[PDB]
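Participant: So I've got this experimental structure, pasted below with the sequence.
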2 protein chains.
Amino acid sequence: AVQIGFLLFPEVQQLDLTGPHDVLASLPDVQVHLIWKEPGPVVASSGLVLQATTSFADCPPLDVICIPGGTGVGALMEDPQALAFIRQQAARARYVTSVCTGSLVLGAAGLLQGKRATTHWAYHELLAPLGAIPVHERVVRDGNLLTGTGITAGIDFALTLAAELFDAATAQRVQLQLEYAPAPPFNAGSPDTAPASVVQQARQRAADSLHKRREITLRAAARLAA
Amino acid sequence: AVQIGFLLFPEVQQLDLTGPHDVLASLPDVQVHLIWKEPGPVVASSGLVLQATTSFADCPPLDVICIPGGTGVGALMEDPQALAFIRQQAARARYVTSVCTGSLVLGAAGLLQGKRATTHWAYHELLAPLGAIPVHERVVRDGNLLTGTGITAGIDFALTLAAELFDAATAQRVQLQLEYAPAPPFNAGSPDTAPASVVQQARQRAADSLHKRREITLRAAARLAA
Ligand SMILES: */C=N\c1ccc([N+](=O)[O-])cc1
Ligand SMILES: */C=N\c1ccc([N+](=O)[O-])cc1
Ligand SMILES: [Cl-]
Ligand SMILES: [Cl-]
């Protein structure tokens, strides 16, 4: 059985996780784990309560590890236990992946040094201090590292992983079973296509979080410099 | 506060729910409820454990009700308690919505009689016995009823509901905050675009479920005829 693990942490953006989870759980001969320090409830940023299934110590060696984003990444970027677990699993994983601000966690773990990567548009300036080569694309692949942006990026890259782990016909069958053919009613999903007034409102709402995240990023970068 | 409720039932397709939940929970002055017969754990078809927040009896009058799909709809189509709750809430709701096979539950409740509606492609033949006018489109709107197909339909229609409940700039801001700009790596999300061999594999895998669902549909239609 292919072993796929998602890190599930307090204040996660749950869709970053639940999207790819439902796709990958559709595949044959896969086991999906929701990993935290202990099994039990974990509350997402929206208040939705999820359940971690395994601890760091009990988690089997993973073939795929996926780091979701969300408000809670700031704490994770300075959690030595979580960072050590991610480094241990990434050493042997076939695929290391992240969604949204999850790539900042990979950065704090040292896994982006010299690698092309992306993250959520409002936090993109934080990739370079973590050693990454920042790339403004929706999905960025550097070796076995995939980083993606947007709330379907984990769905979109899960279909890519299905095609490589199995075959293209399997990925297409899953897409058809899920009738996945998105058609958003607006075209404001990127700062390059949204109206300028909307971009301003979004940047203003993220300003305090960005300010705090920069402080955290500099401390995380200092640990990598040692 | 706008009151938004999702029905959460055993064997739900969790992405049908967790997608729109995260979008709508991003809006100001909204309260989101996860409704079942009692608060507590409810297991999705993938094994993911979710938590219902309120019971039928305690649920406030809803402005929006959303019925997700999944394997578990077959039981729901003959659950008199659930069907009565849906009818009660739909009477005064501003928006009645469903995703995927959730529209079959609306059908069993009598809410599709004379209405245009869609459902998952493999079960589309079951709409007519429930009194609906079947429509082969991804999102179908008939008055205050919206039915959608596909794993982002609830995300896509949640942005539409944000624009009507608030304004277009608010919906665009949420889309930008979530960086929602899908780009699937394959184009097999409809039986009209997938390879014929893939369509066959998907239809074969759904055959037993369709056969059972037809029996259930005929019993549900008999109750509507009375
Ligand atoms: C609504 N969930 C759902 C997903 C897939 C299928 N299917 O037949 O493949 C049915 C319902
Ligand atoms: C990855 N989740 C996430 C969603 C939105 C924002 N934002 O700044 O709006 C950041 C992170
Ligand atoms: Cl996206
Ligand atoms: Cl879709």
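Facilitator: Thanks, I have it. Numbers count the residues shown, from 1 in each chain, chains lettered A, B, ... in the order given. Ligands and ions are numbered 1, 2, ... in the order given.

Participant: how much space between the residue lying farthest from the centre of chain A and residue B:177?
Facilitator: Distance to the chain centre peaks in chain A at residue A:197, reaching 28.2 Å (criterion: C-alpha atoms, centre = their mean). For residue A:197, the distance to residue B:177 under the criterion C-beta to C-beta, to the nearest Å works out to 14 Å. For every residue, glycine as well, the C-beta is placed using N, CA and C.

Participant: if we can go back for a sec, please, which helix or strand holds the residue farthest from the centre of chain A?
Facilitator: Secondary-structure assignment from DSSP states H and E places residue A:197 in helix A:196-225.

Participant: again with residue A:6
Facilitator: Assigned by DSSP H and E, residue A:6 falls within strand A:2-7.

Participant: swap in residue A:172?
Facilitator: When elements are assigned from DSSP H and E, residue A:172 belongs to helix A:168-177.

Participant: if we can go back for a sec, any residue of the strand holding residue A:6 up close to chain B?
Facilitator: No. Strand A:2-7 stays clear of chain B (C-beta under 8 Å from any C-beta of the partner chain), getting no nearer than 10.4 Å.

Participant: what about residue A:114, how many neighbours?
Facilitator: The local packing of residue A:114 (other C-beta atoms under 10 Å in any protein chain shown) involves 8 other residues.

Participant: Ignoring the adjacent residues along the chain, who's closest to it?
Facilitator: With sequence-adjacent residues excluded and distances taken as C-beta to C-beta, 6 or more residues apart in numbering or on different chains, residue A:114 is closest to residue A:131, at 6.4 Å.

Participant: so that neighbour touches residue A:111, yeah?
Facilitator: No. With contacts counted by C-beta atoms under 8 Å, residue A:131 stays clear of residue A:111, the gap being 9.3 Å.

Participant: okay, the two: which has more neighbours?
Facilitator: When residue A:131 and residue A:111 are compared on other C-beta under 10 Å, the one with more neighbours turns out to be residue A:111, at 23 against 17.

Participant: near ligand 1, which residues of chain A?
Facilitator: If contact is defined as C-beta under 6 Å from any ligand atom, the residues of chain A in contact with ligand 1 are A:177, A:178.

Participant: residue of chain A with the smallest distance to ligand 3?
Facilitator: Using C-beta to the ion, residue A:150 is the residue of chain A that sits closest to ligand 3, at 2.6 Å.

Participant: separation between that residue and ligand 1?
Facilitator: Residue A:150 sits 22 Å away from ligand 1, going by C-beta to the nearest ligand atom, to the nearest Å.

Participant: Three-state assignment for that residue, please.
Facilitator: Three-state assignment for residue A:150 (DSSP: H, G, I helix; E, B strand; the rest coil): coil.

Participant: Looks like it contacts residue B:177 (just checking).
Facilitator: No. Counting by C-beta under 8 Å, residue B:177 is not a contact partner of residue A:150; they are 10.8 Å apart.

Participant: Among those two, which residue is more densely surrounded?
Facilitator: Neighbours were tallied for residue A:150 and for residue B:177 using other C-beta under 10 Å; the higher tally belongs to residue A:150 (25 against 21).

Participant: Phi, psi for the more buried one please.
Facilitator: Backbone torsions for residue A:150, taken as degrees, to the nearest 10, come to phi 100, psi 160.

Participant: Contact partners for the closest residue to it other than its chain neighbours?
Facilitator: In space, residue A:150 comes closest to residue B:179 once its chain neighbours are excluded; the distance is 4.2 Å by C-beta to C-beta, 6+ apart. For residue B:179, the set of contacting residues under the criterion of C-beta atoms under 8 Å, 6 or more residues apart in numbering or on different chains consists of A:100, A:120, A:121, A:149, A:150, A:151, A:189, A:190.

Participant: one more time with 10 Å
Facilitator: A:100, A:119-122, A:138, A:148-153, A:188-191, A:202 (C-beta atoms under 10 Å, 6 or more residues apart in numbering or on different chains).

Participant: Am I right that it is in a strand?
Facilitator: No. Secondary structure assignment (three-state DSSP) places residue B:179 in coil, not in a strand.

Participant: Quick one: the helices in chain A, in order.
Facilitator: A:14-24, A:73-76, A:80-92, A:102-108, A:153-165, A:168-177, A:196-225 (DSSP state H).

Participant: Could you provide these in CSV, with additional columns for distance to residue B:162?
Facilitator: Compiled in CSV, those are given as follows (distance: least, C-beta to C-beta, whole Å):
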stretch, distance to residue B:162
helix A:14-24, 15
helix A:73-76, 25
helix A:80-92, 34
helix A:102-108, 25
helix A:153-165, 21
helix A:168-177, 27
helix A:196-225, 13
